[PDB]
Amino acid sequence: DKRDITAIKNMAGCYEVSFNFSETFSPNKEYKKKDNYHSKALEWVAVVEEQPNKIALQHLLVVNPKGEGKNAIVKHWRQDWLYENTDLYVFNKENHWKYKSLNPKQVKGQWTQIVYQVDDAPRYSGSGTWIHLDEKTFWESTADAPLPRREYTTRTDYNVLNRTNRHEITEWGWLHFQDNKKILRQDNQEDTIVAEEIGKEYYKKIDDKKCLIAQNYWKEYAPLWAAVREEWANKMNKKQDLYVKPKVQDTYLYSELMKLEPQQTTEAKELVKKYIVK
């Protein structure tokens, strides 16, 4: 179904995003639910790569609309879509992502979505079939993920967020629905659900012109980010587990990459390798 490509590419554009999360259930009766979350943003999603069965989508955030360049844009998670892919990198705990090879017969008709981090490192991976039935266009998958900032800045109750993600194309844009389980993963033990949350992320399509600051940034700095991507790919094509340093020399990778200029491709690649433990 080629309607599958239409749906992925319908997640591209200029959007005003409403971020919303509410806690729901817990296996502990004494659990005290945390207050609900709401944020807002201006996001431009771009199609960085279109290949025969690969579509890559980069999210960029416009923080200052009255500005120009990189100081007005903050990069956001990338979303890569691969058809009938058997090679996945999934989150275990901490800074460990493990290679998982899927059965090639279960991934038939399916698309794998690999969501990446701001520094372009792997964040989470899942596979599923796009459904174009009942006047609805949706995709669902479940994936273990690193804790987001809204959570690590607020609590230490858990280490893995299991996300059941749903991507639905809508009249006004798209919705990223999430039914998440907050899990405590400890070694040689079974996972424990500390709590659960529901999230509804609304992307309302607006005119592309209102996201021009980001389009102009990417025109210039795209070649650099392609090299960052290529290096991560070199590691992950070796099909071995990935361990990633969070900070080297009290500096994070995204910050170092951002300081770099558009043509400093070689330098960028060396930086990625400096944050890969192997």
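In case it trips you up, residue 1 is the first one in the sequence shown, and so on.
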property	result
Between the two ranges 98-106 and 76-84, the one averaging a larger CA B factor in the entry	98-106
Higher-B stretch (mean Cα B-factor, as the entry records it), 186-194 or 118-126	186-194
Candidate set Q58, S39, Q215, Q51 [ranked by C-alpha B-factor, highest]	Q51
Selection from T142, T170, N92, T112 [criterion: highest C-alpha temperature factor in the record]	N92
Within-chain third of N165 by Cα B-factor, per the entry	lowest
Modelled-residue ranking by C-alpha temperature factor, third containing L257	highest
Assigned third (lowest, middle, highest) for the C-alpha B factor of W232	middle
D207 CA temperature factor, ranked by third within the chain	middle
Record-listed C-alpha B factor of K181: chain third	middle
